[PDB]
């Protein structure tokens, strides 16, 4: 506190994209210490274009980026690509029924990358696909922000903040 809601947004012709960090989670140990129990992540929210300058957020779709997936974006070269597959029932007998795939490839010309989100839900025959292009400059804001936030998503800031004034085994 005071809790603040933030998020970088890229608004384009066919769609809009919002990016926001989500807190990691901790669990109690002895002596009043804590353990990082769940890594934080970055949440992406895609929305299709509505009626000029506005978007239909009621038709939005979300996709998360874990620390490792953020590693793929920050190490993505000018003409490289990466794909992420999310299925809540992987391995389960009913896998492949509801899933999301995020693909990041370079634009034809070479002025940036496409962020293409595919959502499938066989239970209701849904098969949405939203894509938005992000310029090299906009990609750079993302890389700077991801680099800043990753240590916090791993909770390393809580660990080093105790590295204040107030090799151990025969290997």
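Residue numbers count along the first chain shown, from 1.
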property: Unmodelled deposited residues flanked by residue 166 on one side and residue 167 on the other; result: 10 or more
property: 30-38 or 50-58, whichever carries the higher mean Cα B-factor; result: 50-58
property: Mean C-alpha B-factor comparison - 5-13 and 20-28, higher one; result: 5-13
property: Residue with maximal Cα B-factor (values as given in the PDB entry) among 68, 135, 129, 45; result: 129
property: Residue 141 CA temperature factor, ranked by third within the chain; result: lowest
property: Residue 72 CA temperature factor, ranked by third within the chain; result: lowest
property: Third of chain Cα B-factors occupied by residue 125; result: highest
